[PDB]
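What follows is one chain in structure tokens, specifically the form deposited in one PDB entry.
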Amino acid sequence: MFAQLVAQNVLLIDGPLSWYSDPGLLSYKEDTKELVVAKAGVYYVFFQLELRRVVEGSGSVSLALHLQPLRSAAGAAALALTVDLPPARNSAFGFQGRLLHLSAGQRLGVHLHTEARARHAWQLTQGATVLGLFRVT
């Protein structure tokens, strides 16, 4: 039991990422942009983000994995990655992984936020933003 998805998005538009199964290799829902877990268990979950400067912009970008229905109003992220974008090093890269208890039926969604002096200046390297997981149980 495992999965790996690649993000379609290259432009830095805030909100949830759209995914597609990895060509290289539970299921995805294109309508809500939500991965859904079938088997309950402890999963190793990782994601990865590359950025390329395509110009003189700066700031930071954030990925956050949110689990299904929130189950609290607090809205905590199960996984979160921050990457700073230098002003004029034309690339930036983040990797993070950890163990997660996931429930049978639990939807997963990934959100991108960018607080930058130029959201136009950088963009995601196409094919280089990946969410992967496998069951340790």
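Residue positions are given as counts along the sequence shown, with the first one as 1. Rigid core: the largest C-alpha set superposing within 1.5 Å between the two forms. Only residues modelled in both forms are compared.
There is also a form solved in complex with a partner chain; it is not shown, and the following applies to it.
At a distance threshold of 4.5 angstroms between non-hydrogen atoms, residue 107 is out of contact with its partner chain in the deposited bound form. Remark: residue 53 counts among the residues lining its partner chain in the deposited bound form, judged by a heavy atom distance of 4.5 Å or less. In the deposited bound form, its partner chain sits within 4.5 Å of a heavy atom of residue 23. In the deposited bound form, its partner chain sits within 4.5 Å of a heavy atom of residue 126. Relative to the superposed core, residue 98 undergoes a Cα shift smaller than 2 Å between the shown form and the other one. Here residue 32 does not count as shifted, since its C-alpha moves by less than 2 Å between the shown form and the other one after the core is aligned. Displacement of the C-alpha atoms by 2 Å or more across three or more consecutive residues between the shown form and the other one, following core superposition, is confined to the runs 21 to 25, 69 to 76.
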